[PDB]
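All chains are identified by letter, namely A, B, C, D and E, in their written order; residue positions are counted from 1 within each chain.
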Amino acid sequence: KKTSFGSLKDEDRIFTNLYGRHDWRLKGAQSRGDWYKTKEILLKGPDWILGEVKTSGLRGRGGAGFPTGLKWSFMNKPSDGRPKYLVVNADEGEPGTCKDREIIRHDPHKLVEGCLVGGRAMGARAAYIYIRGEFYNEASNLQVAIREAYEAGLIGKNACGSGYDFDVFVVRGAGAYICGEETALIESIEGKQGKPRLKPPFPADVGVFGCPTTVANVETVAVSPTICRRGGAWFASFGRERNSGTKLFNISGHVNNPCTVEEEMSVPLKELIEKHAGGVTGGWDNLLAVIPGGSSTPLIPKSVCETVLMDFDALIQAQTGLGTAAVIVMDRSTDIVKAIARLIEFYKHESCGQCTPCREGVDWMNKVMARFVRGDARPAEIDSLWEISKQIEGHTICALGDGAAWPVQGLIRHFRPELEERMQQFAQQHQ
Amino acid sequence: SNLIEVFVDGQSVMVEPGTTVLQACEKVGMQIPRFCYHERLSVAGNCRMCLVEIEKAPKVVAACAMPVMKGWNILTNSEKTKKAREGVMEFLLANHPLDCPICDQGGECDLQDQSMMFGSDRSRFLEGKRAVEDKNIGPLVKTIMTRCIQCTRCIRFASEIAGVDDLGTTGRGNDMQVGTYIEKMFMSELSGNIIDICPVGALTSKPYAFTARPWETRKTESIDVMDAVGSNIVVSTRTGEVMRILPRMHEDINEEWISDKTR
Amino acid sequence: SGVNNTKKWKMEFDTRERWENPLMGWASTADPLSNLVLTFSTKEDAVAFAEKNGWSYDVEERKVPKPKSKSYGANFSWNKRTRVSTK
Amino acid sequence: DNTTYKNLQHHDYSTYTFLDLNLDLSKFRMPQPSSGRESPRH
Amino acid sequence: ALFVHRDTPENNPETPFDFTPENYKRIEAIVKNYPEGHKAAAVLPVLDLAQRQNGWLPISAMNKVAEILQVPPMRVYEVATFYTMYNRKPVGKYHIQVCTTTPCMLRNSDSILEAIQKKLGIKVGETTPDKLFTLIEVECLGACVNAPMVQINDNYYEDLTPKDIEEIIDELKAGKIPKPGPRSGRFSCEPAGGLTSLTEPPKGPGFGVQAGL
């Protein structure tokens, strides 16, 4: 098979207007191959479309990586009299992550067609696009694209002349990173506090308005038109087995050229930073640690970054995760403890407060981490902090609690001498 | 007919479909720890005190909200189950105020009693605690809201049983506060029942304040006469004096509630 | 919510006068059975104990809570009134 | 040309741009489903 | 940041608020987006609309939204206090929102924050005497590659330096609307110094389309 990955050609790139050089409206999108033979895809039927996504190996780009074809297939069942909906998760809240922002404002028609193609495969009557309220301009672009699609007959009654009725609604959030969680997002669309639901029931059974629903990331939805047009097998020819396809990467932090780029899955982490982002500030040897998939994923030290591949399975072996593939790079001038402490402060500001371990636990960790920044603590508290995070992890309603425990575990796992060295320093200045 | 078979600590029990893990355990005489769950309110699943291990399953489930599945073995005394309870109790007590001597709930507090039975015997919380301001909701219910553990029992009772949507939560995170947001009285004819369901001393009886402790009261089972419903009550007396009125469960009359006039 | 004090049968006697001690105001009693409470495993055991001791007794059936149908998903009903407006 | 930015329309967006667009889109939408009652409180 | 309402002369249930006739037409469109019998789904967009009309949400505005949609006022208060974009107190004409989460912290968002403070002379969480600016810190705004960035109302200003933000503020005082987007050479999220990708003309319709349609 293929042993090395990366160096993707522009012909095999999906989001061919990532940087907004070409016109983002309907005229430009059609010139780039969007909305092509969409009618034919729709008449192939939900089974064929679901087969395309199953064969492609697509996994959720929202941060959990569930195989999309299997996930979307939960909706492929006879109707119960209730309407069925597709919700596109464009809350884009994970710190370090800003890839769905580009799709919404520069390639809006791929998403709109993605809603129709993905919507048809689920037998959904409409798509609700939830977008964070801060992306006001981006949500305004998406409405122009939706209006153009309505006026060109692409969506709505008898969409694309296919006989299928489909609507696309845009819904703006009001400032809440928790509303990117799939059940918290559904609650917000219903006009409630963004508080996740317990499972079961699953959204495919009881979802938005109590109806069968599927929540899919913007990136996941926006690629399904091309997976069907160009074929699932073409998509599966990228990346390692069970880590298929291309992927949008955000490289931010201490890199020379922070950027958003599209690359092949399983590209080496070192290659990704150096080729596209202009390398680490001060050179590679200045690298201290990297968070490879947004704030939730645990950091990794320079040694692990030497060879680690950027995909779901490889990063699991490195005791982290691909997440949203937002690479936050920290150089040796960083205060690693303070950097993570600011991340725990983020999760403390974002916990919905619903359930006990995160409502009280995350705030507890924030106070301990703040003290660890100054070394105003004892080494025995480090293992206490490790135990506290394990009590949060796996005991909460949603995965935000896990996402607030993993960064703490990553810091303790790789930088314990830094913590114990700060406590020792603080102690001597206070004698 | 349609009963499915589950196991509680290896003991087989037959239950209807839709029975929760928590209900399956009751059929063998075990009571799962709880705070947010109440059998007469809608399921919430937020306190996480009912987490229990399912055999050969990596993740603990909320016993109050999880339907059982055929063949499940519910390990209600496992090391994983016991350590889940200890962690949750620890988070509940982190910001809780050291109030038991001045708190009316003392001696009949589910937080005290489940800390004794299912919690650790000491604290490792080395920070300062949260402090919340108090809220006036009328002359019958006193609110010491720093004791609130955010179980939302009062909110669900106010909405579902009294049919009043006045109580809610404001803010979020550790700062989420139960209350009415605005200055408002909760004066339903059934309002006094939020004193009983509240598991802590956050909502207490103003008329009863400070007068007695639970262990020293003698309980007479009696009948209310303020209406023709015939609500079953417990009269609490002490040294020849009536101290308070409590509901007495009767499924076919008052369930477990009473009116404010009765109370 | 604990139900561990509802497991056994109890026998208690009728309440009689308690009055205020003139000196200190304490509650005085002339009833030797005021504090006598007996625990029994079953209703039959309690009745047999009362028969052989000559006491007139009233027995009250045990009240067991009814089994409830609980469903977390009912909170989000498409068309029923059980749908909640807050969590 | 691949040398110029072509997303400058939002430079002249305003307070009501998004809701004006939502209002104009209303004519193309399908009739909504109904749950059978005016609300869960009916 | 208190989550309890205390009546004041300027913020009480009798404070005058009402949607304009035009905003009532917009509200009709919002409500039509959701299934019949689920008007409560409109609570967030209608509250946001009232904020856009009024600039912030007095208790009367929340009570108006509840009345329109037939939802208890408490369920509107919960939404108003849960979501951080709702302003339950008046804010300056320009709400400056500086991201300070770690990716922007690594790109020196502190220098940006101090530059705004030094210029306007207000600490974080305050409003200028003339009531033109309100300064706060916010969590990740989803523009991390273009860090450090700020958001003023609905616009993003990105790749900032202390010099750049002072230039923007000067324009706002002058009344001009500054251009959203990066203040460095680049336009959006591309790598600086040249594209490492998408340097070829995008392919056209029906390219690589699989046989069988």
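Please note the rule applied: a residue touches a chain if its C-beta (ideal position, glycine included) is under 8 Å from a C-beta of that chain, and two chains touch if they have at least 3 such contacts.
Chain identities (UniProt): A = NADH dehydrogenase [ubiquinone] flavoprotein 1, mitochondrial; E = NADH dehydrogenase [ubiquinone] flavoprotein 2, mitochondrial.
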Legend entry - Common touching chains of chain B and chain A: C, E
Legend entry - Contact-richer chain pair [B-E vs A-C]: B-E
Legend entry - Most distant chain from chain B, judged by the mean position of its C-alpha atoms: D
Inset, instruction - Go ahead and note the Å separation of the Cα centroids belonging to chain C and chain D. - result: 61
Inset, instruction - Please work out the Cα centroid separation of chain A and chain E, and write it as a whole number of Å. - result: 22
Legend entry - Computed distance of Cα centres, chain D from chain B, in Å: 45
Legend entry - Shared-contact residues (touching 2 or more other chains) in chain D: 2, 5, 7, 10, 13, 22, 25, 29, 33, 35-37, 40-41
Inset, instruction - Would you please write down the residue numbers of chain B that are in contact with two or more other chains? - result: 45-46, 65, 165, 168-169, 171-172, 175
Inset, instruction - Would you mind listing the residues of chain A that make contact with two or more other chains? - result: 20-22, 83, 106, 136-137, 172, 176, 192-193, 198, 200, 209, 349-350, 352, 354
Legend entry - Interchain pairs in contact, sorted by label: A-B, A-C, A-D, A-E, B-C, B-E, C-D, C-E, D-E
Inset, instruction - Under the touch definition given earlier, write down the residues of chain D that touch chain E in their complex. - result: 2, 5, 7, 10-11, 13, 15-16, 19-20, 22-23, 25-26, 29, 32-42
Inset, instruction - Over in the complex, which chain C residues touch chain E? Could you list them? - result: 79, 85-86
Legend entry - chain C-facing residues of chain A, complex: 82, 187, 192-193, 195, 197-198, 200-201, 205-206, 209-211, 354
Legend entry - chain B to chain C touching residues, read off their complex: 18, 20, 23, 31, 34, 38-40, 42-46, 64-65, 110, 113, 152, 155-156, 159-160, 165, 168-169, 199, 220, 239-240, 249-251
Inset, instruction - Going by the contact rule at the top, pick out the chain E residues touching chain A in the complex. - result: 33-35, 38, 40-45, 47-48, 71, 75, 78-79, 82-86, 100-103, 105-107, 139-147, 151, 154-156, 180, 187-193, 195-200, 202-210, 213
